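*Asks:* Structure incoming, see below.
A short reminder: the numbers here are calculations on the coordinates, not readings from a lab. Positions of Cβ are generated from backbone atoms using ideal geometry, with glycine treated the same way; all protein chains shown enter the neighbour counts.
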Number of protein chains: 2
Amino acid sequence: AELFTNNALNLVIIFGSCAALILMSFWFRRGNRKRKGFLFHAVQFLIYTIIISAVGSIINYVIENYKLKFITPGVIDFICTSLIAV
Amino acid sequence: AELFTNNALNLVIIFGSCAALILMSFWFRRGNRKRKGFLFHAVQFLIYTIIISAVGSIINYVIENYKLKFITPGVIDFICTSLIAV
Ligand SMILES: CCCCCCCCCCCC
Ligand SMILES: CCCCCCCCCCCC
């Protein structure tokens, strides 16, 4: 409830990125004039990176603003780096 | 109102840079003795850099002097660096 005030831009940009991804998927599906090689993979990579960074920021804010017990900060950064590297 | 006292030179230099840009655009349009290659592009680049740096400074001052909630300092520096690099 009260946590949404400080993160609204984050969900806004997450939704915008997802909508842009769906729109460009449809754009590729229509006509398929492009080649789905390195550029489309790179686009997927960057959108994945930004969305997981946003999710990690949300987790950090929730942990730091609600309760610090049972969660160690920075470990979520490690998991995000691991996922993007994978 | 009260924030204009500490930023007056910034809007002054922004307006001066815009006026100089328009004046040099007109000067190029008159006679076009020059070649609009690397030098004019570099002039555009430097004026863009200085105006966005001024805007970022204004945003920083507004955030630090009005309310720190919902805005993370330094992210605007990241966005300015990203825009100038692009
Ligand atoms: C059909 C031709 C496709 C050519 C794709 C080139 C991809 C280059 C990737 C370079 C990665 C360093
Ligand atoms: C008509 C001749 C125009 C010559 C423009 C030279 C531009 C050099 C740029 C060097 C960038 C490193």
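*Asks:* List the helices (runs of 4 or more DSSP H) that sit entirely inside chain B and contain at least 2 residues that are of a type in the set (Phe, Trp, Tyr) and under 30 Å from A:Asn65 (Cα atoms).
*Replies:* B:38-66
*Asks:* Another question, then. Considering B:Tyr48, B:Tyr66, which residue is more than 16 Å from ligand 2 (Cβ to nearest atom) and over 30 Å from A:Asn6 (Cβ atoms)?
*Replies:* Every option except B:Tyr48 fails the conditions.
*Asks:* Still on this structure, I have one more. Scan B:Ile63, B:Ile71, B:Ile58 and give me the residue that is of a type in the set (A, V, I, L, M, F, W, C) and in contact with a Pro (Cβ under 9 Å, 6 or more places away or on another chain).
*Replies:* Answer to the selection: B:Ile63.
*Asks:* Go through the stretch A:22-44 and count every residue that is surrounded by 11 or more Cβ atoms within 10 Å (Cβ to Cβ) and within 27 Å of A:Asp77 (Cα to Cα).
*Replies:* 3
*Asks:* Residue under question is A:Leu68, and the condition is that it be within 16 Å of ligand 1 (Cβ to nearest atom), out of contact with any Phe, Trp or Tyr (no Cβ under 7 Å at 6 or more places or on another chain), away from every other protein chain (no Cβ under 14 Å) and over 23 Å from B:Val75 (Cβ atoms); does it hold?
*Replies:* No; evaluated as a whole, the condition is false for this residue.
*Asks:* For A:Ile63, are the conditions met, namely being away from chain B (no Cβ under 14 Å) and closer than 19 Å to B:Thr72 by Cβ?
*Replies:* yes
*Asks:* Of all residues in the stretch B:1-46, how many are under 25 Å from B:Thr81 (Cβ atoms) and either of a type outside the set (A, V, I, L, M, F, W, C) or within 16 Å of ligand 1 (Cβ to nearest atom) (or both)?
*Replies:* 7
*Asks:* Restricting to the stretch A:1-21, give me the number of residues that are away from chain B (no Cβ under 14 Å) and loosely packed, with under 10 Cβ neighbours inside 10 Å.
*Replies:* Total satisfying the criteria: 1.
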